[PDB]
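Notes follow once the structure below has been shown.
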Amino acid sequence: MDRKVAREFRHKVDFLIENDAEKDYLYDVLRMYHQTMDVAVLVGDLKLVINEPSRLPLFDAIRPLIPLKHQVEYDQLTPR
Amino acid sequence: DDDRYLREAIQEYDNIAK
């Protein structure tokens with residue numbers, strides 16, 4: 001049952017970025033949060049890529065897959 | 001819904017190799 005989330009997640013991010021280099025790095029950001037498991041790291045990179053409000057959805061976009069506990073803490077770290 | 005969707009999308013890209 002867990003598969004479309006990837007398409008909707010990748011399709012959404014692509015709808016916002018529409019770029020490749022950006023998605024590559026953003027894809028790298030997620031890969032990092034997976035290995036290092038450091039929410040503080042995701043926020044940093046996500047910013048460098050989401051420096052503009054236009055890429056705001058990335059926060060709410062990634063949250064879903066982001067651990068329920070980390071989701072809240074993710075909110076505590078983010079001002080929005 | 002935790003520690004499952006991440007690998008789904010993460011690995012999905014790992015397969016795409018884009």
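In the structure tokens, the first chain shown is A, the next is B, and so on; residue numbers restart at 1 for each chain, and ligands run from 1 in the order shown.
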
Within 8 Å of residue 26 in chain A, counting only C-alpha atoms, which residues show up once you throw out same-chain ones fewer than 5 positions away? Write them as number ranges by chain, please. A: 45-46, 49

I'd like the neighbourhood of residue 77 in chain A as a PDB file with N, CA, C and O atoms, in the first residue's frame, where a residue qualifies if any of its atoms comes within 10 Å (using only C-alpha atoms), though same-chain residues fewer than 5 positions away should be ignored.
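The result, stored in around_23.pdb:
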ATOM      1  N   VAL A  39      17.651  15.837  12.349  1.00  0.00           N
ATOM      2  CA  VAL A  39      16.667  16.817  11.902  1.00  0.00           C
ATOM      3  C   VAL A  39      17.286  18.202  11.756  1.00  0.00           C
ATOM      4  O   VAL A  39      16.849  19.005  10.930  1.00  0.00           O
ATOM      5  N   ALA A  40      18.305  18.475  12.560  1.00  0.00           N
ATOM      6  CA  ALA A  40      18.985  19.758  12.521  1.00  0.00           C
ATOM      7  C   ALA A  40      19.724  19.926  11.204  1.00  0.00           C
ATOM      8  O   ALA A  40      19.966  21.044  10.752  1.00  0.00           O
ATOM      9  N   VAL A  43      16.972  20.711   8.251  1.00  0.00           N
ATOM     10  CA  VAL A  43      16.566  22.112   8.298  1.00  0.00           C
ATOM     11  C   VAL A  43      17.594  23.007   7.615  1.00  0.00           C
ATOM     12  O   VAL A  43      17.240  23.899   6.843  1.00  0.00           O
ATOM     13  N   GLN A  71       8.339  15.066  13.479  1.00  0.00           N
ATOM     14  CA  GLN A  71       7.439  16.011  12.828  1.00  0.00           C
ATOM     15  C   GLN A  71       7.166  17.189  13.754  1.00  0.00           C
ATOM     16  O   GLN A  71       7.318  18.350  13.367  1.00  0.00           O
ATOM     17  N   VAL A  72       6.779  16.881  14.987  1.00  0.00           N
ATOM     18  CA  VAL A  72       6.504  17.913  15.977  1.00  0.00           C
ATOM     19  C   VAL A  72       7.757  18.735  16.231  1.00  0.00           C
ATOM     20  O   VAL A  72       7.740  19.961  16.129  1.00  0.00           O
TER      21      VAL A  72
END

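Using only C-alpha atoms, the chain A residues found within 7 Å of chain B amount to residues 2, 3, 6, 30, 31, 65, 66, 67 and 68 of chain A.
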
Surrounding residues of range 9-25 of chain A excluding itself and chain neighbours under 2 positions, 7 Å, only C-alpha atoms, as number ranges by chain: A: 5-7, 27-29, 55, 58, 61
